[PDB]
Amino acid sequence: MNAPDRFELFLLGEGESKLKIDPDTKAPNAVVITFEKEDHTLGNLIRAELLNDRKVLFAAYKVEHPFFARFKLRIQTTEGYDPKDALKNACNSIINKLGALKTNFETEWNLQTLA
Amino acid sequence: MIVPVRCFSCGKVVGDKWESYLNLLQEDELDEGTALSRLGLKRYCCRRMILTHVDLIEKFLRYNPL
Amino acid sequence: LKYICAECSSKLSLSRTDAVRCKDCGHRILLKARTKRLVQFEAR
Amino acid sequence: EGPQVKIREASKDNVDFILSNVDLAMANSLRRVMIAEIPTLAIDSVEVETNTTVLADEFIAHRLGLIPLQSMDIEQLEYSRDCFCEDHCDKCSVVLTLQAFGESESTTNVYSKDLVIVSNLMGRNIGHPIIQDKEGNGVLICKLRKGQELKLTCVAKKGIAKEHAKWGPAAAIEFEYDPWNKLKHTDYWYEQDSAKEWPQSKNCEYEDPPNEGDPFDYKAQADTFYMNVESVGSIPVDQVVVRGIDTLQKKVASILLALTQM
Ligand SMILES: [Zn+2]
Ligand SMILES: [Zn+2]
Ligand SMILES: [Zn+2]
C-alpha cells in the first residue's frame, strides 16, 4: 500500500526545494514556477498584486489537480526587467502592505478597548 | 449518543449547551425556538444540531452491565 | 482474574471447574475479561 | 498609511469590522489563512487504560480530540515533528489525564472541567480547557452509572487546521462587499422585481444607495469589505486576527528568502 495522507498536504519538500525556475521556450522572457505545499491562498494573492504592477505583461496561476498541493505560475514581461525581480518586488509590496494593516489593527483594537 | 461536540458545518462548540437547552424546556415552559435564540445560536447550521439530535445514550444506559 | 460470566464481577480466575456457574450468580455463559494490556489510540 | 481598518463592534468572542484600501485577493487570502493556517494546541493521541462505559472507545478518542484548549502561549513550544526529542517531551507537548467513577446512584456526567494537567506546564498559559458557560461544566463527554470506569492518558500536540478540523480556531467567518451591487458582480434571479424579492443587506446603510439613473460606473473597483470573525474560544479574537496576518506574511517572506537563496 502507498496511498498518501495529509502529511504531504503542506510539509515543504522533503529532499526537495520549495520552487523550480524553468524557462519557457514559447515567448521571450517567460518563466514558469512550480510552488508546492501551497495553493490558492497564496497563488491568487501573488498573481493579483503582480498584475497590479505595471511592468509585467502576463501573470496567471493554475493548480493542476486538487489531489496535489502544487501549483504553477507564468510570468512574462518586457525586456531588461527580469521576471525574478518582478516577483521579488511583488513580495516586498505584499509584506509592506499587510504589515501596515497589522499595525493599524492593533491601534484600533486598543482604541476600541475603552480607556 | 451524546450531543456532538463542534457543529459539523461551522465548528462552534456545542455540548455545553445541551442540558441547558433541556432545562430551558423543563421548568421554564419556554418555546423551543426562542429557547435556542436565548441560548444564543443565531446561525442555523449550528441550530439544526441541537434541534434534531436525539439522545440514545440513556436508553443504552438503562441496562445493568457488570 | 480470567472470566466474568455475568452482571456479577466474579473474577473466576479459572483453571478448570471452579463452579463456572458462579457463586453469587447462576449464569453459565462465561464472558472473558478485557485485558490489562495497554492499548493505543489515535484521535485524528 | 495604507489599508485602514474600522471596528464596528466587539465582544469576548467575535469581532466585526470594516476593511478599506485593500484588494480582493488580499481580503480573501486573509480569510482563508484565518480559517486554515493558525497554529494552536489540541489533544491528539490517547491511551485507554481502562474503559467500561457503554460509550465506545473511539468515540471517547474522537470526542476528546475536539475539546478546545487554552492556547495563548502556543508560540513558546514547538512541533513534535521538528522537536529534538522523541516521545512527547515537555518542550514539545503536554499531557492530560482523566478520572471517572460511577459513584452515585443516579447517572454521573463527565465534563471537560475534570481532565487535569499533569506534566510540567513550565509557567506558560497552555492547555486548560475552556469553560464558556457560567456554570462551571465544560463540554459534556460521557455518562456513567454505578460501575463504569474511565482512565485516560492524553497527549496534546501542535497541529494546524489544514490537516484536521481539530486544530481550528476559526469556527465561522463572514464576508461581504458591495452590498448594493454597484459593481454588478451578480444579477438577481427574480420574477417580478429584484428589489422587491430580495431582502436588503444589513450592511446597506453604510454606503449610499445607487442614486437611480446614473450610468454604469465601469471604471470602479471593489473595496470596503465587511468581515465578522467569530472564534471558538481557544484563543482571543484579536489574537486570531493578528496571528493570521502574521502567518500570511511569514509565508510570503519565506517564499522570498527561498527565492533569494536560490
Ligand atoms: Zn454550525
Ligand atoms: Zn455471574
Ligand atoms: Zn519534544
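Residues numbered from 1 in each chain as written, not as in the entry; some residues may be left out. Chains lettered and ligands numbered in written order. Part of a larger assembly, values for the part shown. Heavy atoms only, no water.

Method of determination for the deposited model, per the PDB record: cryo-EM, at 3.7 Å resolution.

In the nomenclature of the PDB entry, chain D corresponds to DNA-directed RNA polymerase II subunit RPB3 from the organism Saccharomyces cerevisiae. The deposited PDB record carries the title "consensus map of PICdeltaTFIIK form1".

Naming follows the PDB entry, where chain A appears as DNA-directed RNA polymerase II subunit RPB11 of Saccharomyces cerevisiae.

Asks: Sorry if this is basic, but what is going on with the interface of chain D and chain C here?
Replies: Frequently, the measure chosen for interface size is the accessible area removed from exposure when the parts meet. Taken together, the contact between chain D and chain C spans 14 residues of the former and eight residues of the latter. Taking both sides of the interface into account, the surface hidden between chain D and chain C amounts to around 1000 Å²; carbon and sulfur atoms contribute 47%. By the criterion of area lost to chain C, the three top residues of chain D are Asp44, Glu47 and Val48 of chain D, representing 38% of everything that side buries. At the boundary of chain D and chain C, one finds one salt bridge. One salt bridge in this structure joins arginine 44 of chain C and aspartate 44 of chain D, with 4.0 Å as the shortest N-O distance. At the junction of chain D with chain C, the criterion picks out five residue pairs in polar contact. (Contact = heavy atoms within 4.5 Å. Buried area = accessible area lost by both parts, 1.4 Å probe. Salt bridge = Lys/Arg side-chain N within 4 Å of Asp/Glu carboxyl O. Polar contact = N/O pair within 3.5 Å; in protein donor to acceptor, adjacent residues only side chain to side chain.)

Asks: How should I be thinking about the nonpolar core in this particular structure?
Replies: Judged by nonpolar contacts, the single largest core of 48 residues is most densely connected at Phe35 and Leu50 of chain A together with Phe17 of chain D. Top element by residues in this core is helix α4 (residues 237-261) of chain D. It accounts for 10 residues. For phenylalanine 35 of chain A, the contacting residues outside a window of four places in its chain are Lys18, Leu19, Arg70, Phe71 and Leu73 of chain A together with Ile255 of chain D. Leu64, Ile67, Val94 and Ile141 of chain D belong to the second-largest nonpolar core, a separate cluster that totals 41 residues. (Core = buried A, V, L, I, M, F, W, Y, C linked by side-chain atoms within 4.5 Å. Buried < 20%, exposed > 50% of the residue type's maximum accessible area, 1.4 Å probe, protein only. Helix = DSSP H or I, 4+ residues; strand = E, 2+ residues; numbered from the N terminus.)

Asks: Mind showing me how you'd approach the interface of chain A and chain D here?
Replies: Between chain A and chain D, the residue contacts involve 34 residues of the former and 35 residues of the latter. Of the roughly 3600 Å² buried between chain A and chain D, counting both surfaces, carbon and sulfur atoms make up 73%. If you look at where chain A meets chain D, you find two salt bridges. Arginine 32 of chain D is the partner of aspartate 39 of chain A in a salt bridge, and the nearest nitrogen-oxygen pair spans 3.5 Å.

Asks: Can you help me understand the side chain of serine 93 of chain D in this one?
Replies: All names here are of chain D. Assignment of secondary structure puts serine 93 in the loop between β4 (69-71) and β5 (94-101). Overall, the relative accessible area of 4% leaves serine 93 in the buried class. Within the structure, the side chain of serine 93 is placed 2.8 Å from the backbone oxygen of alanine 156, a separation counted as a polar contact. The contacts of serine 93, once residues within four sequence positions are left out, are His88, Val155 and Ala156.

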